[PDB]
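Since the structure comes first, as structure tokens, the remarks are kept for the end.
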Amino acid sequence: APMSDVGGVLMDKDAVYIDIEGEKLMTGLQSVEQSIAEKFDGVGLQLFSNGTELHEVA
Amino acid sequence: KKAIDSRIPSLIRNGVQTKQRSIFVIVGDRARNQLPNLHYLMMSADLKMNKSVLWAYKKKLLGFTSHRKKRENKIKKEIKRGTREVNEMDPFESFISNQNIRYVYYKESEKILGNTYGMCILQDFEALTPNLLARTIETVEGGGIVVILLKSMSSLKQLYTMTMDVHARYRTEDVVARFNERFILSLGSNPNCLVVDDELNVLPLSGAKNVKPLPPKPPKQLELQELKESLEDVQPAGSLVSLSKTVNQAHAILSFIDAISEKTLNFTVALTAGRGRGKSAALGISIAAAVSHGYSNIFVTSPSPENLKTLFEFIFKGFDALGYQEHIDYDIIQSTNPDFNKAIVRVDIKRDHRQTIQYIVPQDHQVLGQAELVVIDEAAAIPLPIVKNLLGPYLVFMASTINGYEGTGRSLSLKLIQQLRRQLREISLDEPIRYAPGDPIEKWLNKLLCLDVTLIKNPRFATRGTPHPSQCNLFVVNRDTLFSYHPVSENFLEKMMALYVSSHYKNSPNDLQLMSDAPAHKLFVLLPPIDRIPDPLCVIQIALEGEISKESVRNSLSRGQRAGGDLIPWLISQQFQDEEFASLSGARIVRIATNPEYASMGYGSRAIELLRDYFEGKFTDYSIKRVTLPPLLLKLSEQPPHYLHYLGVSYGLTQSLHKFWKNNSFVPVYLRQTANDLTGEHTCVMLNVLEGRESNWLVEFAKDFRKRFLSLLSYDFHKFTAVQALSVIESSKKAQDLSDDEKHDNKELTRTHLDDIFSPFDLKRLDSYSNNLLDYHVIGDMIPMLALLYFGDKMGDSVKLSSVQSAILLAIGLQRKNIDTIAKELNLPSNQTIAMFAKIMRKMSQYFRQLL
RNA sequence: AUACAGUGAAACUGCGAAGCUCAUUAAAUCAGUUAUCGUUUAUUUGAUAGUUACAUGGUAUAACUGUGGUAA
RNA sequence: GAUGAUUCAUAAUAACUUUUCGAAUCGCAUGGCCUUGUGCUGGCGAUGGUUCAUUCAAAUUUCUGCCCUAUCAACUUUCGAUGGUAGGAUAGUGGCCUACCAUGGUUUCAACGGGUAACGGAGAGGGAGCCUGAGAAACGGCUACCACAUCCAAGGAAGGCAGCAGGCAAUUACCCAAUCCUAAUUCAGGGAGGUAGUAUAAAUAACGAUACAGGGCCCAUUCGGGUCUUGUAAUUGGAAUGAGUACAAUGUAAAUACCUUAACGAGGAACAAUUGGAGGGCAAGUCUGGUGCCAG
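As you go down the protein sequences, you meet chains SI and LX in turn. Here the first sequence stands for residues 356 to 375, 392 to 429, numbered as in PDB author numbering. Here the second sequence stands for residues 3 to 175, 179 to 222, 228 to 431, 463 to 572, 578 to 666, 676 to 682, 704 to 928, numbered as in PDB author numbering.
What follows is the structure, given as structure tokens:
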């Protein structure tokens, strides 16, 4: 049944409507702002023990 | 009625429209309940998608059973008890009931390789291993969806620490699990990976953060429909080309048809492709084409007939396209051998003229003299000498997999091409047949597993010249840093696996796990002299095996599962039963990799030499924070070495490697009689003792091995050339030279001992042939004993021979070869070989007279 | 209730489990009767056995506890 | 001793037995004694046990018992047919079976065979074998086959539905109370069983008052003749009650139903039964034919 809700899923237009300490982590995870790739940009590695931090490969 | 965030549907529709895949990482105990809703969204997007679902699990299913009768009984009991209503099913139960779900254990992933599924589900994240990620992801259909259920509680903390900071890694109370901690961060990089909770809310760790719905709707299909339409009238090409799924796959068939039309029996056609690109479909169609063309004796060879089930299946489909009809036009013969599991061995075809397709084992190349066409499927898995024998005066079709199954290193394919440079025709299949080209997930899977990594020639070395060996310096690679994705690390990681894959014969996908999680393994790199990412020249993988690993093993038995094994201590223990060797701490060089272009320049030998110095002490916390990154490489002086008693190597015995280890002062201790099926090559363990530590036991092992090798040379090592056998003998004899002690020494033959082994009647025969009063066949009984004493050194200093003559005497005595056989191997005339031998025993006859 | 003692899941014992649809058969079905000194017989009823012991063993296990295989 | 009748009952002797049985069990009460030791001695039951009789049955078994029949005259020994002896099986007798022996047995007094309004005994997918029990060759179970057919990860597992009930479509819901049946039993159960579900007599009306009109009807092919309280397509008044709307009790395992029984319930009593037939008549209406104004 396309228009009718089958199981718990109902589809209208382009939007879909469905019926529905670890909890603290999930909410903390939900509230993250920076993307990993954006956090990825900031991080530098040391190639050697006393070498400079190299961020992006040339 | 809670609206999903618009990102989840848009990604699904975008993937279906673009025929691109998508990953979903569901975190939560109710993760299973979302899967029915996700699947409804796929079928709603497009009804043409495959409805079969792949379920993968380790041992147990999450709260349900795959048996239909067990559930309905449980349902019926629940209804009878009144716990559940008569007709009330939850969506999750309805999902499993109606759809086609295939339940597969992680161990048995070989079964799912062929089948096509619309959707793949991975139950357990902790048990994820690289082959299971390469294998299962490839079995989805384009526009399909992969779901990983991150339900384990400990993983959720691992997720949390990554999101709060990329630097610190959560670590529980010896397996460190970097690959799984490495598995998470790449999912963020992927544009088509979305991580979601059990309430269908988007976690921001995902790369798919800015996904937007694409407008409603490919060039490759246009180039394919036009090609098929143009060839419809041209049978048998039209019907067979119609079976083609991609532009490149059709071209491969056409090139095969051209080879079939040319009728030249000195022609070899090479197909190189990745797994899942449709090679076996291409070969099966062409075999139907040759069979329609008029070829009578068609041959097929592969490591096992079972792998050919796909190839035969597409032959029958090409047969169906060409009007071939079963039990009228052709007959199918299945194997009677239980090992082959009723695999198709022969197909007999009868219209026009009697034509036969038959399977032949790669070893049996003699029957191929009458062959008009041989198709070698998965030539990468067949030994190089055997495929050479399979290149006879007939049409050859060869298919080799690059990064598929175990396959082979890319350079090995290149070496084969260089040998072919017989006319050579090369065909490459790059377009996949299962999904849209350039899918992010395949690129994601390749970067994670580094399957597609390629070695690159660096101009910088050429401008500055090759570094002289003494200038280079070995550096310890910190594994924590290497598997962290800092973008310099990956390019450094890729360069290592680029050298890793190319050099040695066979490398499994699960290897990328092995050096990652296992503690005993350590990485060493022969970096160029420092003066940009440093580019490796030689990489060594060590495994610490001995008393050191016992503590880890005892911990391993405590949890209830034993991990890995100490191969050398077990190998040495079973053969000789020396308790002390197991106690001795030692290291095994799992693999030494050098650039094939820069081979023979001594980079590998020096790395072993500098490695030997480091563990000898001649050069005398970097762990990550456990819930800023330490240096990628660590100098030898900076980390103390562990106390070791020996350095061990295990490798397939070949002349080049044996000389390489022979020059590095290693001593052989064991050789496997049973040749490895994939290589046809005998595994050898060869050992070196460091200075300042006892060396007697190596000498005792070497002496036993020589008596081992001499006697066993007849059983299964007759195939080895006489020269190769001598090098094994001499390398062990170097071990005696290592020991300056005279406590153990050979004994000279006594007169009483001589009388027992040979009667006086024999000594008359020994004398007469020297006088030339006998035929050689009479003294045949004497030869094997004569070889044992000489290589056993019973005659001593008095009798000595040349390397060529030792090869001759070694072989008739112990390889057991006939003299004329020796003539070919040594490139000597048969008469000269006999004349040289007659001189050998004249010395020996003179020697026995002297003692008498 | 200082063996337990009320009730009591599970398990071991004891008793009992003995409408339909096809075909068709003349005193071989069946009905009446006689005999069983030629016979078996749960159960009901009544009779009926003077020919370590202040109590033997696991030569015993279920239910039960715990460890696993299997699509089942 | 018993019967009409016995080698029947019973008793004894000599042995035999994969020699049986002759309470190592449970509930309630704590009496009588004394030799104060918890010493001796004990009341009512349950569950067990040998044999006999009795009872519930069963298996063989005597004689009798309405169709037409010869256009059904021989049948039987046809892998026992008639009988004897010995054995095997059998709760047991017994050609029930087996070894030897004799050729017998029914029949024109109707053997044997045939037909029949002789509904006037079998199986549980099909044949074979086996297991329990006092009682079965079990609508139970097991094995081998012969086919059917289900599922599966294709390595195996399991079924008797090859059923039942329907159409050419609702068999369901409530109970062991009433009569009975089985059990460690008063108490628990029984789709045994019970309860419920889905051609016949009435009503649509009965009774008065007033007003206004002269016509109503019968018979007669014919012409006409015969006879008197009639019509309303008028107004009006007070009574009765049934279907329905339903408060109850009763009823019953409960419940439906039945019987009985408070209140309400009629003028268009619209609280509005049908069916068929025979005649009319009407237009600034329509069609057709003719000798105005006609005829169809």
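The beta carbon of each residue, even a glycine, is placed where N, CA and C say it ideally should be.
{"Item": "Partner residues on chain LX for SI/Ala429, Cβ-Cβ distance less than 8 Å", "Value": "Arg578"}
{"Item": "According to DSSP, residues forming a beta bridge with LX/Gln429", "Value": "Answer is none; LX/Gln429 lacks a bridge partner."}
{"Item": "Which of helix, strand or coil DSSP assigns to LX/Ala639", "Value": "strand"}
{"Item": "Other residues of its chain near LX/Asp558: CB distance less than 7 Å, five sequence neighbours each side excluded", "Value": "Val180, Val181, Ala182, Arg183, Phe184"}
{"Item": "Identity of the residues DSSP links to LX/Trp57 by a beta bridge", "Value": "LX/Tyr105, LX/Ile123"}
{"Item": "Proximity winner among LX/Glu416, LX/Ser296, LX/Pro313, LX/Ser312, relative to LX/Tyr305 (alpha-carbon distances)", "Value": "LX/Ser296"}
{"Item": "8 Å Cβ cut-off: residues of chain LX touching SI/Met366", "Value": "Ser46"}
{"Item": "CA-to-CA distance, LX/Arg600 to LX/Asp832, given in whole angstroms", "Value": "54 Å"}
{"Item": "LX/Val775 to LX/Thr730 span [Cα, whole Å]", "Value": "23 Å"}
{"Item": "Residue environment, LX/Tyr42, which counts as buried when at least 16 other CB atoms sit within 10 Å", "Value": "buried"}
{"Item": "Below-8 Å beta-carbon distance, LX/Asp202 vs any chain SI residue", "Value": "yes"}
{"Item": "Rounded C-alpha distance that separates LX/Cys491 from LX/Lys425", "Value": "22 Å"}
{"Item": "Contact the region 239 to 249 of chain LX vs the region 507 to 527 of chain LX: 3+ CB pairs below 8 Å", "Value": "no"}
{"Item": "Proximity test, Cβ basis, 8 Å: LX/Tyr172 and chain SI", "Value": "no"}
{"Item": "Same chain, Cβ closer than 6 Å to LX/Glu824, neighbours up to 5 away in sequence not counted", "Value": "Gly872"}
{"Item": "Contacting residues, own chain, Cβ-Cβ under 7 Å from LX/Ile586 (five flanking each side not counted)", "Value": "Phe565, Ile635, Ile638, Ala653, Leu657"}
{"Item": "Host alpha helix (DSSP H) of LX/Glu236 (start-end)", "Value": "229 to 240"}
{"Item": "Cβ pair count under 8 Å reaching 3, the region 112 to 128 of chain LX against the region 84 to 97 of chain LX", "Value": "no"}
{"Item": "The region 409 to 427 of chain LX in contact with the region 538 to 546 of chain LX per 3-pair CB rule at 8 Å", "Value": "yes"}
{"Item": "Partner residues on chain LX for SI/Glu404, Cβ-Cβ distance less than 8 Å", "Value": "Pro209"}
{"Item": "Every unbroken beta strand (DSSP E) within the region 724 to 807 of chain LX, with a cutoff of 3 residues, ordered by chain", "Value": "743 to 747, 759 to 765"}
{"Item": "DSSP bridge partner residues for LX/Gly632 (one or two, in chain order)", "Value": "LX/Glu591, LX/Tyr722"}
{"Item": "LX/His562 (DSSP reduced to helix, strand or coil)", "Value": "strand"}
{"Item": "The region 71 to 84 of chain LX in contact with the region 152 to 172 of chain LX per 3-pair CB rule at 8 Å", "Value": "no"}
{"Item": "Boundaries of the beta strand (DSSP E) in which LX/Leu152 is found, first to last residue", "Value": "142 to 152"}
{"Item": "Interface flag, LX/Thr504 vs chain SI, CB-CB below 8 Å", "Value": "no"}
{"Item": "Best match in LX/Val18, LX/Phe277, LX/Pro615, LX/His794 for proximity to LX/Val725 [C-alpha to C-alpha]", "Value": "LX/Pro615"}
{"Item": "Burial state of LX/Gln36 (16 or more Cβ within 10 Å)", "Value": "buried"}
{"Item": "Through-space distance from LX/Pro582 to LX/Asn317, alpha-carbon basis", "Value": "37 Å"}
{"Item": "Beta strand (DSSP E) segment containing LX/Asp341, residue limits", "Value": "340 to 344"}
{"Item": "Coarse secondary structure for LX/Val529, derived from DSSP in three states", "Value": "helix"}
{"Item": "7 Å CB neighbourhood of LX/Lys547 in its chain, flanking five on each side removed", "Value": "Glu416, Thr418, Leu754"}
{"Item": "Beta carbon of LX/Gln335 nearer than 8 Å to that of LX/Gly288", "Value": "no"}
{"Item": "LX/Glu714 versus LX/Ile342, LX/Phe665, LX/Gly65, LX/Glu818, residue with shortest Cα-Cα distance", "Value": "LX/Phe665"}
{"Item": "Alpha carbon of LX/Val29 to alpha carbon of LX/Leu124, nearest angstrom", "Value": "13 Å"}
{"Item": "Close Cβ partners of LX/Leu253 (< 7 Å) along its chain, the five nearest in sequence each way excluded", "Value": "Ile295, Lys327, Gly328, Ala331"}
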